[PDB]
Amino acid sequence: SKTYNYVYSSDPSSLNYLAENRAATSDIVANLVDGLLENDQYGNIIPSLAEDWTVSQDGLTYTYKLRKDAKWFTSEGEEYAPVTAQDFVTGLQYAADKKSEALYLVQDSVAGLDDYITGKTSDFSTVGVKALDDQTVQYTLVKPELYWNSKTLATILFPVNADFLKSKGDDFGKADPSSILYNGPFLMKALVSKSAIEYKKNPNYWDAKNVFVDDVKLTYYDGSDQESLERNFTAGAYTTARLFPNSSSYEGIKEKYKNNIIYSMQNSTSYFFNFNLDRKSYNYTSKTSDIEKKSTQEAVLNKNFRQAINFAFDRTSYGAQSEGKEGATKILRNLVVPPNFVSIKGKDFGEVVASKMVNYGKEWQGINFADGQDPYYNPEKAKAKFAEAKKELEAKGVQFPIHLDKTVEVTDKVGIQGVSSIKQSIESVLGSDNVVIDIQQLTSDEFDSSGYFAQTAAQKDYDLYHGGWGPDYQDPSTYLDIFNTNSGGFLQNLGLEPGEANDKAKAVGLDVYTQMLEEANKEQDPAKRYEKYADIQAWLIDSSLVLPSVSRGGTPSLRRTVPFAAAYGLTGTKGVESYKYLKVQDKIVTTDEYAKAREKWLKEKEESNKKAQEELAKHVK
Amino acid sequence: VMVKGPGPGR
């Protein structure tokens, strides 16, 4: 049989795909539960549980016909029940009742849903999801959304069987394979914390013909043994291996695999640094006095200070820590929205953002937002902005240097080198009499509970954070909404809570940012809409409330996977996250073989995208 | 979706 063997690095807090917005959950559930639609190898949206669909002429009513052979299975593979339209009613009501962390995807879109969530109504029958019959689910929206179908690839719109959900109660969706039912390509055979994730092909899945591996086995990787990836690939145990050009082992690796190193493309997941604008927790700090803590609290609210950090942060040096000197720039990402995420009359989003920067000050003159280069690092500009910040901050009694805590996992050797790089860059440019980056090396549990898995803003224990966003649907709002003060998914990472904007949020202008988002969202013409979102992205770059850093992809690997066999998606959870479509082979792929396959894929993608646009018109009814 | 990393994945 055919097996894929590699590693994983993030244990999930749960399998609750209806309540979670973390990739630690959806990366797993992508393989276990299907929704209405999915992706092909080219990023087109194709049938999944829904074999057909229509949209009304006014754009408000979407109706999906579910295929009759789709079933729910237990973790052991036994059939539980057919998938029915009611399962989509159940899923949305459960997501609403549980206050899902991904509710922003649906709460302002589905008719009646906001009223139900906020208690203006108590009757879910007034909410715009209905099972018209066992095979037909109908959604009613508040306003047209050309990106609505792309939202169905997000797990909050996935179904759940109501009887199973009732039987499980509070046990539903725990980190245990028996806590959910399965209707997707795989069953989960093992889920062991800090050890293993194992998938087994479900032979009775409706689309089993498109599952080309029988088993997927992932061993836990904590970052302490980066050479283990190539070592186990060469030993024949892993199907692929990410390469680390800084290793002492790399010279021998590049000689042995001179014709096999493959670089991936940068993808739509964007990372950035942000500041904690309202820090409450100080378990992990080098500050020892209230004056230091209050000084840092003031500094992060100062725009000139944030801009000075931005201009002092050498992204090339940062990327070199993981990619080596020659690949250092291959991972660089300079906006939250990828520069090619959308186009406006033939011009990419990033070029439009650059043109909007003309109105945000001389410090942005000539900026270029293309991937793969560093347009931010500029020591002279950083020093000048810092001088302005220092005058403003000293007048408030702020003490210098400003100490900024950044966390990192003690086992994450490459991550330690990355954070050491930012410390060296910022302190070298601005002076350690002005800024100190204090690196806090934490255990796994401490790192989790003070960051990604912290449950409130008050538990965020750092001054600087380095997280990222993967897009949920095909519109710039998926990225730019994450900082809005009403419901932004990234607010807690900034130390803020969704709701009324507090004095810290207003001090940095996030109330104004939120009003801008509301106005842009009303625009229905794509070109005008995207231009308004480009101005919003420009505002955010200027605010330096985010410091764009890197993307996923752009990295070297060795591979025994078949090039371009897997699903690909610009947004959602049904692309690279899924082991459906993926194929393995005996031969180690060569760089030349991969390049030939890539050119074929690029060409076919354009052809297939054009066909997919023509297929769309047939669905208007 | 909220992401961590980046680390060695697919």
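With ideal geometry, Cβ positions are generated from the backbone for all residues, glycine too; neighbour counts draw on all protein chains shown. Basis: the model, the stated rules and, where named, an outside source; no laboratory read-out is quoted.
Yes/no per residue for (1) within 11 Å of chain B (Cβ to nearest Cβ); (2) buried (at least 20 other Cβ atoms within 10 Å of the Cβ):
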position: A:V410; (1), (2): no, no
position: A:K413; (1), (2): no, no
position: A:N434; (1), (2): no, yes
position: A:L442; (1), (2): no, yes
position: A:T456; (1), (2): no, no
position: A:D463; (1), (2): no, yes
position: A:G467; (1), (2): yes, no
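Restricting attention to segment A:519-543, and to residues there that are surrounded by fewer than 24 Cβ atoms within 10 Å (Cβ to Cβ) and among the small types (G, A, S), which single residue is farthest from the other protein chains (Cβ to nearest Cβ)?
If we take residues in segment A:519-543 being surrounded by fewer than 24 Cβ atoms within 10 Å (Cβ to Cβ) and among the small types (G, A, S), then A:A527 is farthest from the other protein chains (Cβ to nearest Cβ).
Considering each of A:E606, A:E577, A:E615, A:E593 in turn, give the residue that is within 23 Å of A:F212 (Cβ to Cβ), outside any loop (DSSP other than H, G, I, E, B) and out of contact with any strand residue (DSSP E or B) (no Cβ under 6 Å at 6 or more places or on another chain).
A:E593
Among the residues of segment A:385-396, count how many are surrounded by fewer than 17 Cβ atoms within 10 Å (Cβ to Cβ) and either within 29 Å of A:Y221 (Cα to Cα) or in contact (Cβ under 8 Å) with a residue 24 or more places away in the chain (or both).
3
Exactly one of (1) surrounded by 15 or more Cβ atoms within 10 Å (Cβ to Cβ); (2) not aliphatic (A, V, I, L, M); (3) not in a loop (DSSP other than H, G, I, E, B) is unmet by A:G184. Its number?
Against the list (1) surrounded by 15 or more Cβ atoms within 10 Å (Cβ to Cβ); (2) not aliphatic (A, V, I, L, M); (3) not in a loop (DSSP other than H, G, I, E, B), A:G184 comes up short only on (3).
Filter segment A:211-232 for residues that are touching a residue at least 40 places away in the same chain (Cβ under 8 Å) and loosely packed, with under 15 Cβ neighbours inside 10 Å; which is nearest to A:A81 (Cα to Cα)?
Step by step, filter segment A:211-232, then rank; the result is A:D214.
Residues are listed down the side, and each one gets a yes or a no for (1) away from every other protein chain (no Cβ under 14 Å); (2) touching a residue at least 12 places away in the same chain (Cβ under 8 Å); (3) part of a strand (DSSP E or B):
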position	(1), (2), (3)
A:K258	yes, no, no
A:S268	no, yes, no
A:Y271	no, yes, yes
A:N274	no, yes, yes
A:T285	yes, yes, no
A:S295	yes, yes, no
A:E298	yes, yes, no
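Scan segment A:19-34 residue by residue and report those that are within 14 Å of another protein chain (Cβ to nearest Cβ) and within 20 Å of A:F73 (Cβ to Cβ).
A:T25, A:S26, A:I28, A:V29, A:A30, A:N31, listed by residue number.
If you go through segment A:64-76 one residue at a time, do you hit one that is under 30 Å from A:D448 (Cα atoms), surrounded by fewer than 22 Cβ atoms within 10 Å (Cβ to Cβ) and touching a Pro at 6+ places or on another chain (Cβ under 7 Å)?
There is at least one residue in segment A:64-76 that is under 30 Å from A:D448 (Cα atoms), surrounded by fewer than 22 Cβ atoms within 10 Å (Cβ to Cβ) and touching a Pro at 6+ places or on another chain (Cβ under 7 Å).
Out of segment A:195-237, which residues are of a type in the set (S, T, Y), away from chain B (no Cβ under 11 Å), outside any loop (DSSP other than H, G, I, E, B) and under 30 Å from A:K258 (Cβ atoms)?
Within segment A:195-237, A:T219, A:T234 meet the criteria.
In segment A:40-47, is there at least one residue being among the aromatic types (F, W, Y), assigned to a strand (DSSP E or B), more than 14 Å from chain B (Cβ to nearest Cβ) and surrounded by fewer than 21 Cβ atoms within 10 Å (Cβ to Cβ)?
no
So that you can scan it fast, the table gives a plain yes or no per residue for (1) in a loop (DSSP other than H, G, I, E, B); (2) under 30 Å from A:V142 (Cβ atoms); (3) out of contact with any strand residue (DSSP E or B) (no Cβ under 7 Å at 6 or more places or on another chain); (4) in the same structural domain as A:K330 (by TED's automatic domain parsing):
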site: A:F453; (1), (2), (3), (4): yes, no, yes, yes
site: A:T478; (1), (2), (3), (4): no, yes, yes, no
site: A:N493; (1), (2), (3), (4): no, yes, no, no
site: A:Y513; (1), (2), (3), (4): no, yes, yes, no
site: A:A527; (1), (2), (3), (4): no, yes, no, no
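Could you list all residues from segment A:5-18 that are buried (at least 21 other Cβ atoms within 10 Å of the Cβ) and either part of a loop (DSSP other than H, G, I, E, B) or away from chain B (no Cβ under 11 Å) (or both)?
A:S10, A:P12, A:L15, A:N16, A:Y17, A:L18, listed by residue number.
Those residues that are touching a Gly at 6+ places or on another chain (Cβ under 8 Å), in contact (Cβ under 8 Å) with a residue 60 or more places away in the chain and not in a helix (DSSP H, G or I), I need them from segment A:95-112; list them, please.
A:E101, A:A102
Right, A:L491: within 13 Å of chain B (Cβ to nearest Cβ), within 23 Å of the chain's Cα centre (by Cα) and hydrophobic (A, V, I, L, M, F, W, C) or not?
So A:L491 passes the test.
Output yes when any residue across segment A:496-518 is of a type in the set (F, W, Y), away from chain B (no Cβ under 14 Å) and either farther than 17 Å from A:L301 by Cα or surrounded by 20 or more Cβ atoms within 10 Å (Cβ to Cβ) (or both), and no when none is.
yes
Hey, could you check segment A:397-408 for residues that are aliphatic (A, V, I, L, M) and under 19 Å from A:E298 (Cα atoms) and say which is surrounded by the fewest Cβ atoms within 10 Å (Cβ to Cβ)?
A:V398
So which residues in segment A:356-392 are part of a helix (DSSP H, G or I) and within 20 Å of A:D475 (Cβ to Cβ), if there are any at all?
Answer for segment A:356-392, where residues must be part of a helix (DSSP H, G or I) and within 20 Å of A:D475 (Cβ to Cβ): just A:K356.
Consider A:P548 carefully, then state whether it is away from chain B (no Cβ under 12 Å) and crowded, with 20+ Cβ neighbours inside 10 Å.
Yes; evaluated as a whole, the condition is true for this residue.
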